[PDB]
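Working notes for the structure below.
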Amino acid sequence: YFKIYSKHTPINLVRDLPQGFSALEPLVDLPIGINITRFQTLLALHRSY
Amino acid sequence: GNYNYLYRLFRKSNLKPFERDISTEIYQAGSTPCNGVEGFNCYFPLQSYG
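Protein sequences, first through last, are from chains A and C. To convert a position in the first sequence, counted from 1, into the authors' numbering, add 199. To convert a position in the second sequence, counted from 1, into the authors' numbering, add 446.
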């Protein structure tokens, strides 16, 4: 069962990791029933002439 | 006879609970490795019912 837990936080820092402490809340639980070996995060590119 | 249903005979390893197996590869029991020619010690996993 693939579980995804989401949380949005309005930070305001220049870089690195922000400090503080918070919790985590569920969004959806999808019962796909298959195992996952590898994953890749896809970004986007901005195109102009 | 009903030949529309098949069953898997053997497997090399085990499976997780709540998992569906759809691999129809050539099963290898012992030596003389198969590589898709189905020769000696190469049995098909899916077999027909009776």
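We put the beta carbon where it would ideally sit given N, CA and C, even for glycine.
Using only the alpha-carbon positions, how far apart do residue i and residue j sit?
| i | j | result |
| --- | --- | --- |
| residue 466 (chain C) | residue 201 (chain A) | 15 Å |
| residue 455 (chain C) | residue 204 (chain A) | 40 Å |
| residue 213 (chain A) | residue 242 (chain A) | 21 Å |
Counting contacts by CB-CB distance shorter than 8 Å, is residue i in contact with chain C?
| i | result |
| --- | --- |
| residue 235 (chain A) | no |
Within 8 Å of any Cβ in chain A, is that where the Cβ of residue i sits?
| i | result |
| --- | --- |
| residue 465 (chain C) | yes |
| residue 462 (chain C) | yes |
Compute the beta-carbon to beta-carbon distance between residue i and residue j, rounded to the nearest angstrom, for a pair I have assumed lies under 8 Å.
| i | j | result |
| --- | --- | --- |
| residue 206 (chain A) | residue 223 (chain A) | 6 Å |
Going by CA-CA distance only, name the one from the options that's closest to residue i.
| i | options | result |
| --- | --- | --- |
| residue 219 (chain A) | A:227, A:208 and A:213 | A:208 |
| residue 235 (chain A) | C:470, C:462 and C:478 | C:462 |
Can a CB atom of chain E be found closer than 8 Å to the CB of residue i?
| i | result |
| --- | --- |
| residue 219 (chain A) | Structure shown: chain E not included; protein chains present are A and C. |
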